[PDB]
Amino acid sequence: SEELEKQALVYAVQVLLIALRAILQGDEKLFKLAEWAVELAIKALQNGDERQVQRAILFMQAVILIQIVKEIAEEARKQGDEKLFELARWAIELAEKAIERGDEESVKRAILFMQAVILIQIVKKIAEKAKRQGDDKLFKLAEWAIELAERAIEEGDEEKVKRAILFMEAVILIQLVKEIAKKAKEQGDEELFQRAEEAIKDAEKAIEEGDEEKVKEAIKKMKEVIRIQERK
Amino acid sequence: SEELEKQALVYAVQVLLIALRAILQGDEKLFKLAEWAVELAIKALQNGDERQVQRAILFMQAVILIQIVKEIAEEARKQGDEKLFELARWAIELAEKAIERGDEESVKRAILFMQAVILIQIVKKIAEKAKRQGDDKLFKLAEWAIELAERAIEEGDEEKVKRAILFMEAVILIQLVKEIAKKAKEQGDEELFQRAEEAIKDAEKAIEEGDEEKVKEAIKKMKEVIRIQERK
Amino acid sequence: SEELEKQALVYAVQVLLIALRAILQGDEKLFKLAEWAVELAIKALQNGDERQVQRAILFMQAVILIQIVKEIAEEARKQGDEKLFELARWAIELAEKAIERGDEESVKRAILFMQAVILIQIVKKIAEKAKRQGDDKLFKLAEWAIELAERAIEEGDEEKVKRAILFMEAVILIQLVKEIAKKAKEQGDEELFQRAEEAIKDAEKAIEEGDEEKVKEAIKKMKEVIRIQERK
């Protein structure tokens, strides 16, 4: 499909902006990695080859993710999160190594680690906003999810980081569905408030059992409540 | 459509060259604006939305226009046109702010100002082309179009400035309709020398008439003289 | 959905990487050449013209080839090869001139010369490979191809150079078909062992330099041995 090559071109220009940032921040590793990924994308494009674009898109994704987690690591070092700094710094070095190595599935591994680190940055902000609002039950959930995802990165288990991304994702969506339930009380619309309340509890209780399976069901039923707010 | 996304990619690569020129011509404000517009374009493409890609194309147009008017402002600064320098500088700063603000309606305003300034640079050159050539009288008309577009910014009238672009555009059209008009000795440009003269005379009086109903018609009928030359 | 404009878009990003390198090595000549080619490509694409893209694709190829032959000249300065350095330096200068003007007839000329210079870098390595492992043929052949390709470039001859590349390529393909015959002893196969040996001599015996007709045939019969292994 003429769609895989369009992202190969779009991600190439996207990584090119990162290469300009590497030109103006003094970094040579980031510039060379960015050039490497964009060059691989071009070499994939020039033959009308489909598997080479999947590989080069994975490399461009890893370069963009390195750029994101590098600034997130700087943000964590600035804001006094020395542990999140080391976890991001670790995932950054592992991604850089995997790209220098050329191991396609190890980049997939490192890309997953960077996704969890970014999700930890998000759940931390949601947890701190939840404590700002005085909630100690979503706070317990969000804190239990970050403290379970970081422990998983401390071990480097690829299938335990995937499990922790599941919980973190549901905790992020509980925020949305809880705001929607709060606003579904203002119009008088109870067909949106019941649906949101059912998705909140069935996701919170899913994390209460901590079952890898019941969070997936909660995610789809949470999706069928966010879907309704996305209609209007 | 697909043609809109290829235009977004072409303008993206086009603005990136401008960002490359910013490193070697000394401007860093231009680099940030270029990075901003290209980032919005890339992420606009990555979601396939029709208004936001049109929006990012409008912003990339504004960044390119800033680059053009910046070279025009320096050229006016060099050639002792401090008045054209300040109007270009004003349209440049308003464009930068309109993008910095994110107000699309302010970007359209500033983009309109930048094109009008660019048209002022051109209509001045047709007057200078008259200095290169002999004298066809007129000349005050081109000056009347240049100095009325300049006055147009002093009021910022919404039902104006486009009118001044209209006059400047027709004065720019004097260039084409007369270049072909020169070729008419014994062969007499296919004998349709009258049609160029009919477009010349009925436009000369039209710009003096200050009309906005039929001067557009005169502009299109000058193009129907260019149309036949566009075949050969 | 046509495809040549996608080739122009890929080459644009490819030349942009070279333009990033020109920004950081102090070289502005390459930046101007890169800017010229990419701008010509961008403005050709934005109106859907096909002939202008064929031109711009030819020019972007010349800018990339300039980047390749410039680093080859840099490599030649280190290893003390004044002959390859000056031939590369000449092939670069004519391309730079041809791009600066926009002359299509000189770009084709300069691209061909850059093709021969790069092929001389390759045949040099194949000649040294034959000398290392005690070869009584290839050793003389590869050296004779180098000494005749340099002969054509030393003159700036557009016509006589269009002949030495044939031998250089055939000497390069003898390497491949000899590797295939050597591996056709290792695999246990019989359809790649007889015919690869059949293709080797048909190129080796084609030592007839005044042949100028069957060197293409030897290339095609080597293509009829190498290409089939490219399936699996």
# chains A, B, ... in the order shown; residues from 1 in each chain; ligands from 1
>>> residues_around(residues="residue A:157", least_positions_apart="5", cutoff="10 Å", atoms="only C-alpha atoms", output="list in words")
residues 109, 113, 151, 152, 162 and 163 of chain A
>>> residues_around(residues="residue C:228", least_positions_apart="3", cutoff="12 Å", atoms="only C-alpha atoms", output="VMD selection string")
chain C and resid 177 180 191 to 192 195 to 196 221 to 225 231 to 232
>>> closest_atom_pairs(of="chain A", to="chain B", cutoff="8 Å", atoms="only C-alpha atoms", output="CSV")
residue,atom,partner,partner_atom,distance
A:7,CA,B:46,CA,7.9
A:10,CA,B:42,CA,6.4
A:13,CA,B:13,CA,7.6
A:14,CA,B:42,CA,6.5
A:17,CA,B:35,CA,6.8
>>> residues_around(residues="residue A:59", least_positions_apart="3", cutoff="9 Å", atoms="only C-alpha atoms", output="JSON, numbers by chain")
{"A": [33, 34, 36, 37, 38, 40, 41, 54, 55, 56, 62, 63, 64, 99, 104, 107]}
>>> calpha_fit_rmsd(fixed="chain B", moving="chain A")
1.3 Å
>>> atom_distance(atom1="atom CA of residue C:95", atom2="atom CA of residue C:110")
5.1 Å
>>> atom_distance(atom1="atom CA of residue B:115", atom2="atom CA of residue B:203")
21.9 Å
>>> select_by_dssp(residues="stretch 33-192 of chain B", states="helix (DSSP H, G or I)", output="JSON, numbers by chain")
{"B": [33, 34, 35, 36, 37, 38, 39, 40, 41, 42, 43, 44, 45, 50, 51, 52, 53, 54, 55, 56, 57, 58, 59, 60, 61, 62, 63, 64, 65, 66, 67, 68, 69, 70, 71, 72, 73, 74, 75, 76, 77, 78, 82, 83, 84, 85, 86, 87, 88, 89, 90, 91, 92, 93, 94, 95, 96, 97, 98, 99, 100, 101, 104, 105, 106, 107, 108, 109, 110, 111, 112, 113, 114, 115, 116, 117, 118, 119, 120, 121, 122, 123, 124, 125, 126, 127, 128, 129, 130, 131, 132, 140, 141, 142, 143, 144, 145, 146, 147, 148, 149, 150, 151, 152, 153, 154, 155, 162, 163, 164, 165, 166, 167, 168, 169, 170, 171, 172, 173, 174, 175, 176, 177, 178, 179, 180, 181, 182, 189, 190, 191]}
>>> write_last_selection(atoms="C-alpha atoms", output="compact mmCIF listing (two decimals), in the first residue's frame")
# COMPACT_ATOMS: atom_id res chain seq x y z
CA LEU B 33 9.34 29.57 13.15
CA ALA B 34 10.37 27.03 10.50
CA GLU B 35 10.62 24.27 13.11
CA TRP B 36 7.21 25.28 14.49
CA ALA B 37 5.48 25.25 11.09
CA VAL B 38 7.10 22.00 9.93
CA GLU B 39 6.32 20.26 13.23
CA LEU B 40 2.67 21.32 12.97
CA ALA B 41 2.59 20.10 9.36
CA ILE B 42 4.14 16.72 10.16
CA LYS B 43 1.78 16.08 13.07
CA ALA B 44 -1.10 17.43 10.98
CA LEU B 45 -0.34 14.80 8.33
CA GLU B 50 -8.38 18.47 6.47
CA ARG B 51 -8.59 21.81 8.31
CA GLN B 52 -5.40 21.41 10.37
CA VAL B 53 -3.32 20.46 7.31
CA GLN B 54 -4.75 23.48 5.49
CA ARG B 55 -3.82 25.38 8.66
CA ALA B 56 -0.24 24.08 8.71
CA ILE B 57 0.07 24.82 4.99
CA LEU B 58 -1.07 28.36 5.75
CA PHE B 59 1.61 28.61 8.44
CA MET B 60 4.30 27.22 6.14
CA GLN B 61 3.18 29.79 3.57
CA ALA B 62 3.60 32.49 6.22
CA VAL B 63 7.11 31.33 7.13
CA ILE B 64 8.18 31.30 3.47
CA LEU B 65 6.61 34.74 2.98
CA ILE B 66 8.51 35.99 6.03
CA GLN B 67 11.73 34.76 4.40
CA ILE B 68 10.83 36.53 1.15
CA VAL B 69 9.87 39.81 2.79
CA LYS B 70 12.99 39.60 4.97
CA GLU B 71 15.16 39.58 1.85
CA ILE B 72 13.01 42.37 0.42
CA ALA B 73 13.35 44.39 3.64
CA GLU B 74 17.15 44.09 3.56
CA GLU B 75 17.16 45.05 -0.14
CA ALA B 76 15.12 48.16 0.70
CA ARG B 77 17.47 48.83 3.61
CA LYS B 78 20.40 48.60 1.17
CA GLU B 82 13.62 53.11 4.51
CA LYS B 83 9.88 53.44 3.92
CA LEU B 84 9.61 50.09 2.13
CA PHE B 85 12.02 48.78 4.77
CA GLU B 86 9.72 49.75 7.65
CA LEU B 87 6.54 48.45 5.97
CA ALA B 88 8.24 45.13 5.21
CA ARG B 89 9.60 45.06 8.77
CA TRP B 90 6.06 45.73 10.04
CA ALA B 91 4.44 43.00 7.92
CA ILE B 92 7.24 40.64 8.98
CA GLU B 93 6.80 41.32 12.69
CA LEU B 94 3.01 41.00 12.43
CA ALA B 95 3.38 37.67 10.63
CA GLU B 96 5.81 36.41 13.28
CA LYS B 97 3.39 37.46 16.03
CA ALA B 98 0.33 36.11 14.20
CA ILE B 99 2.07 32.73 14.05
CA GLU B 100 3.45 33.17 17.58
CA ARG B 101 -0.10 33.93 18.74
CA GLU B 104 -5.07 32.05 11.94
CA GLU B 105 -7.19 35.10 11.15
CA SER B 106 -4.22 37.28 12.12
CA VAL B 107 -1.95 35.14 9.92
CA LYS B 108 -4.23 35.66 6.90
CA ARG B 109 -4.09 39.40 7.68
CA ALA B 110 -0.30 39.45 7.93
CA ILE B 111 0.06 37.17 4.90
CA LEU B 112 -2.10 39.63 2.99
CA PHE B 113 0.22 42.42 4.16
CA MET B 114 3.36 40.53 3.14
CA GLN B 115 2.12 39.82 -0.39
CA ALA B 116 1.07 43.45 -0.79
CA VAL B 117 4.54 44.53 0.32
CA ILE B 118 6.04 42.08 -2.18
CA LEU B 119 3.77 43.54 -4.85
CA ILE B 120 5.05 47.00 -3.88
CA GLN B 121 8.62 45.81 -4.48
CA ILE B 122 7.51 44.65 -7.94
CA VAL B 123 5.45 47.68 -9.02
CA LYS B 124 8.41 49.87 -8.05
CA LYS B 125 10.48 47.80 -10.48
CA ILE B 126 7.94 48.30 -13.30
CA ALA B 127 8.43 52.02 -12.68
CA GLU B 128 12.18 51.34 -12.80
CA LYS B 129 11.52 49.25 -15.92
CA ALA B 130 9.93 52.40 -17.33
CA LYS B 131 13.20 54.14 -16.46
CA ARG B 132 15.00 51.33 -18.32
CA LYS B 140 1.70 58.21 -11.81
CA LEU B 141 -0.74 55.29 -11.94
CA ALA B 142 1.91 52.81 -10.80
CA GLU B 143 2.94 55.38 -8.19
CA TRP B 144 -0.75 55.79 -7.34
CA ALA B 145 -0.96 52.02 -6.81
CA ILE B 146 2.28 51.80 -4.80
CA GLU B 147 1.62 54.74 -2.48
CA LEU B 148 -2.04 53.74 -2.01
CA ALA B 149 -1.09 50.24 -0.92
CA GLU B 150 1.37 51.91 1.46
CA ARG B 151 -1.42 54.14 2.81
CA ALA B 152 -3.61 51.03 3.02
CA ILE B 153 -1.68 49.79 6.07
CA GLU B 154 -2.17 53.15 7.82
CA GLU B 155 -5.89 52.36 8.05
CA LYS B 162 -7.24 43.73 -1.40
CA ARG B 163 -8.38 46.63 -3.56
CA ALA B 164 -4.81 47.95 -3.48
CA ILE B 165 -3.51 44.49 -4.40
CA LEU B 166 -5.98 44.63 -7.30
CA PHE B 167 -4.46 47.88 -8.62
CA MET B 168 -0.89 46.65 -8.09
CA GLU B 169 -1.77 43.39 -9.84
CA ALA B 170 -3.15 45.21 -12.87
CA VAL B 171 -0.10 47.49 -12.92
CA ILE B 172 2.04 44.34 -12.85
CA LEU B 173 -0.07 43.04 -15.74
CA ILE B 174 1.04 46.10 -17.75
CA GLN B 175 4.39 44.30 -17.99
CA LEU B 176 3.01 41.25 -19.84
CA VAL B 177 0.39 42.88 -22.07
CA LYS B 178 2.93 45.44 -23.33
CA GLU B 179 5.82 43.00 -23.89
CA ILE B 180 3.65 41.03 -26.32
CA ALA B 181 2.25 44.31 -27.70
CA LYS B 182 5.77 45.34 -28.78
CA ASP B 189 0.99 39.70 -33.63
CA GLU B 190 -1.62 37.55 -35.46
CA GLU B 191 -3.65 40.82 -35.94
>>> atom_distance(atom1="atom CA of residue C:22", atom2="atom CA of residue C:81")
24.6 Å
>>> decode(residues="stretch 170-207 of chain B", atoms="N, CA, C and O atoms", output="CSV table (one decimal), in the first residue's frame")
chain,number,residue,atom,x,y,z
B,170,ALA,N,-2.9,44.7,-11.5
B,170,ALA,CA,-3.2,45.2,-12.9
B,170,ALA,C,-2.0,46.0,-13.4
B,170,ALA,O,-1.6,45.9,-14.6
B,171,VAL,N,-1.3,46.8,-12.5
B,171,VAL,CA,-0.1,47.5,-12.9
B,171,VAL,C,1.0,46.5,-13.2
B,171,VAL,O,1.8,46.8,-14.1
B,172,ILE,N,1.1,45.4,-12.5
B,172,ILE,CA,2.0,44.3,-12.8
B,172,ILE,C,1.7,43.7,-14.2
B,172,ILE,O,2.6,43.3,-15.0
B,173,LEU,N,0.4,43.6,-14.5
B,173,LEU,CA,-0.1,43.0,-15.7
B,173,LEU,C,0.3,43.9,-16.9
B,173,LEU,O,0.4,43.4,-18.1
B,174,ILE,N,0.5,45.2,-16.7
B,174,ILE,CA,1.0,46.1,-17.7
B,174,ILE,C,2.3,45.5,-18.3
B,174,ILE,O,2.6,45.7,-19.6
B,175,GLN,N,3.2,44.9,-17.5
B,175,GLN,CA,4.4,44.3,-18.0
B,175,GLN,C,4.1,43.3,-19.1
B,175,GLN,O,4.7,43.4,-20.2
B,176,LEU,N,3.2,42.3,-18.9
B,176,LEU,CA,3.0,41.3,-19.8
B,176,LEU,C,2.3,41.8,-21.1
B,176,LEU,O,2.7,41.5,-22.2
B,177,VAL,N,1.2,42.5,-20.9
B,177,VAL,CA,0.4,42.9,-22.1
B,177,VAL,C,1.2,43.8,-23.0
B,177,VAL,O,0.9,43.8,-24.2
B,178,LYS,N,2.1,44.6,-22.5
B,178,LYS,CA,2.9,45.4,-23.3
B,178,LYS,C,4.1,44.7,-23.9
B,178,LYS,O,4.5,45.1,-25.0
B,179,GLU,N,4.7,43.7,-23.3
B,179,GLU,CA,5.8,43.0,-23.9
B,179,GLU,C,5.4,42.3,-25.2
B,179,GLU,O,6.1,42.3,-26.2
B,180,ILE,N,4.2,41.7,-25.1
B,180,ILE,CA,3.7,41.0,-26.3
B,180,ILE,C,3.2,42.1,-27.3
B,180,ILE,O,3.3,41.9,-28.5
B,181,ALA,N,2.7,43.2,-26.8
B,181,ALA,CA,2.3,44.3,-27.7
B,181,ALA,C,3.4,44.9,-28.5
B,181,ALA,O,3.2,45.4,-29.6
B,182,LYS,N,4.6,44.8,-28.0
B,182,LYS,CA,5.8,45.3,-28.8
B,182,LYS,C,6.0,44.6,-30.1
B,182,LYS,O,6.3,45.1,-31.1
B,183,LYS,N,5.8,43.2,-30.0
B,183,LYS,CA,5.9,42.4,-31.2
B,183,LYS,C,4.6,42.6,-32.1
B,183,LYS,O,3.6,41.8,-31.9
B,184,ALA,N,4.6,43.5,-33.0
B,184,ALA,CA,3.5,43.8,-33.9
B,184,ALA,C,3.9,44.8,-35.0
B,184,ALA,O,3.4,45.9,-35.1
B,185,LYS,N,4.9,44.4,-35.8
B,185,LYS,CA,5.3,45.2,-37.0
B,185,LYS,C,4.5,44.9,-38.2
B,185,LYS,O,3.3,45.2,-38.3
B,186,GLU,N,5.1,44.2,-39.2
B,186,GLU,CA,4.4,43.9,-40.4
B,186,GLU,C,3.5,42.6,-40.2
B,186,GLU,O,2.4,42.5,-40.8
B,187,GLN,N,4.0,41.7,-39.4
B,187,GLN,CA,3.3,40.5,-39.1
B,187,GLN,C,2.1,40.8,-38.3
B,187,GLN,O,1.0,40.1,-38.3
B,188,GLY,N,2.2,41.9,-37.5
B,188,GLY,CA,1.2,42.3,-36.5
B,188,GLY,C,0.6,41.1,-35.7
B,188,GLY,O,-0.4,40.5,-36.0
B,189,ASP,N,1.3,40.8,-34.5
B,189,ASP,CA,1.0,39.7,-33.6
B,189,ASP,C,-0.3,39.0,-33.9
B,189,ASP,O,-1.3,39.1,-33.1
B,190,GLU,N,-0.4,38.3,-35.0
B,190,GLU,CA,-1.6,37.5,-35.5
B,190,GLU,C,-2.8,38.4,-35.8
B,190,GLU,O,-3.9,37.9,-36.1
B,191,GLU,N,-2.7,39.8,-35.7
B,191,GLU,CA,-3.6,40.8,-35.9
B,191,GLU,C,-4.4,41.1,-34.7
B,191,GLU,O,-5.2,42.1,-34.7
B,192,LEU,N,-4.3,40.4,-33.6
B,192,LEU,CA,-4.9,40.6,-32.3
B,192,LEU,C,-4.1,41.6,-31.5
B,192,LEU,O,-4.0,41.5,-30.3
B,193,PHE,N,-3.6,42.7,-32.2
B,193,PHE,CA,-2.9,43.7,-31.4
B,193,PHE,C,-3.9,44.6,-30.7
B,193,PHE,O,-3.7,45.2,-29.7
B,194,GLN,N,-5.1,44.8,-31.4
B,194,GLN,CA,-6.2,45.5,-30.8
B,194,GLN,C,-6.6,44.9,-29.4
B,194,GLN,O,-6.8,45.6,-28.4
B,195,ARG,N,-6.6,43.6,-29.3
B,195,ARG,CA,-7.1,42.9,-28.1
B,195,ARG,C,-6.2,43.2,-26.9
B,195,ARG,O,-6.7,43.4,-25.8
B,196,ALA,N,-4.9,43.3,-27.2
B,196,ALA,CA,-4.0,43.8,-26.1
B,196,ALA,C,-4.2,45.3,-25.8
B,196,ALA,O,-4.2,45.7,-24.7
B,197,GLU,N,-4.4,46.1,-26.9
B,197,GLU,CA,-4.7,47.5,-26.7
B,197,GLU,C,-6.1,47.7,-26.0
B,197,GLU,O,-6.2,48.6,-25.2
B,198,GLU,N,-7.1,46.8,-26.4
B,198,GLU,CA,-8.3,46.9,-25.7
B,198,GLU,C,-8.2,46.6,-24.2
B,198,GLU,O,-8.9,47.2,-23.4
B,199,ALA,N,-7.3,45.7,-23.9
B,199,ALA,CA,-7.0,45.4,-22.5
B,199,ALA,C,-6.2,46.4,-21.8
B,199,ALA,O,-6.4,46.7,-20.6
B,200,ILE,N,-5.3,47.1,-22.6
B,200,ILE,CA,-4.5,48.2,-22.0
B,200,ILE,C,-5.4,49.4,-21.7
B,200,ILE,O,-5.4,49.9,-20.6
B,201,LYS,N,-6.1,49.9,-22.7
B,201,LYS,CA,-6.8,51.2,-22.5
B,201,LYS,C,-7.9,51.1,-21.5
B,201,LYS,O,-8.1,51.9,-20.7
B,202,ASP,N,-8.7,50.0,-21.6
B,202,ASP,CA,-9.8,49.8,-20.7
B,202,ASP,C,-9.4,49.5,-19.3
B,202,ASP,O,-10.2,49.5,-18.4
B,203,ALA,N,-8.1,49.1,-19.1
B,203,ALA,CA,-7.6,48.9,-17.8
B,203,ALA,C,-7.0,50.2,-17.2
B,203,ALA,O,-7.1,50.5,-16.0
B,204,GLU,N,-6.3,51.0,-18.1
B,204,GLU,CA,-5.8,52.3,-17.7
B,204,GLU,C,-6.8,53.2,-17.1
B,204,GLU,O,-6.7,53.7,-16.0
B,205,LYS,N,-8.0,53.3,-17.8
B,205,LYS,CA,-9.1,54.1,-17.2
B,205,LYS,C,-9.7,53.4,-16.0
B,205,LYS,O,-10.2,54.1,-15.1
B,206,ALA,N,-9.7,52.0,-16.0
B,206,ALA,CA,-10.4,51.3,-15.0
B,206,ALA,C,-9.6,51.5,-13.6
B,206,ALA,O,-10.3,51.7,-12.6
B,207,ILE,N,-8.3,51.5,-13.6
B,207,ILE,CA,-7.6,51.7,-12.4
B,207,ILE,C,-7.8,53.2,-11.9
B,207,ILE,O,-7.8,53.4,-10.7
